[PDB]
């Protein structure tokens, strides 16, 4: 009910406020975690708050001194906010070099935002090789120190294991939410789903775990509802703008599954078990699949999406293409082919954080909704 949605709303609509509250109520520091994958468990074990950074709606101005026009929208946003000081409340940020744009932002950041420590981390492409895992562990030990240099105290092996446990409980709770939202596709409008998931980037996971468990309870008490409109699966970097979410709702489209980097990709793979804490984290990266940023010559992403569509009788797949995102742009043709090959219709919509005249998506989505009608 409003009770839970209210709390989540207040933290997503005002990320900075919550960071301030947390710091004063705990006397601990907060670290920003850049797009896609970061070892939050290390930040969490330290007692600090892992704060997800996924840009936002903003025009570009100060970013023009470091980036030309063709840098992806989301990273253009992160840099703008950075130069505007919107992240000054953080004691540091982890900018994983997952692609060229993230790599370049990390280099410019070291110069454009000297006051906010940049912690380097480059996940291995050969994530399945034992050597890949040992290398990632070293990167992680490096990440550990930097975080220790910031909070002051040492991060205990026992605490990390403890944090890994908190997060895995969070992931399975989230996956549980996915099935419950799916059973209640008319109650959980696209904007609701997004809010329930995104709010996890702005509060301690254990705290978010309880909120979602409650919501899941209220939802179970409700009868299983058959979707009145068309169901779809969203895939891409993100699709959190109220704009896009409204369009789906206006066309009575229900989102029952996603392959978004800001959402389901964050919790569909748990951290494996093991005696060595950093080793456990490193091996999760070995187990990630169906992601444009995770090395896979087989490009299983297309097939995995197909499986999700069939599992939930989804009517269509919508590619939420982040503007100028090359990793995703390379993936499009093949991932699209796998899906359409399996009888599933697809739609291409562009995600631009700098635009405020979204009309192309409206007409494309309206046409898609009408198309699925037959």
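Numbering follows the first chain given and starts at 1.
Stretch comparison (177 to 185 versus 266 to 274) by mean CA B-factor in the PDB entry places 177 to 185 on top.
As the entry records it, the average C-alpha temperature factor is higher for 89 to 97, out of 288 to 296 and 89 to 97.
Looking at 165, 258, 250, 279, the one whose CA carries the top B-factor in the deposited record is 250. Each of 315, 329, 338, 59 has a CA temperature factor in the record; the biggest one is found at 59. Residue-level temperature factors show residue 311 in the middle third of its chain, judged at the C-alpha atom. Residue-level temperature factors show residue 351 in the lowest third of its chain, judged at the C-alpha atom. When the modelled residues of the chain are ordered by C-alpha B-factor, residue 82 sits in the middle third. Annotation for residue 156: C-alpha temperature factor in the highest third relative to the rest of the modelled chain, per the entry. The entry lists a Cα temperature factor for residue 345 that places it in the lowest third of the chain's modelled residues.
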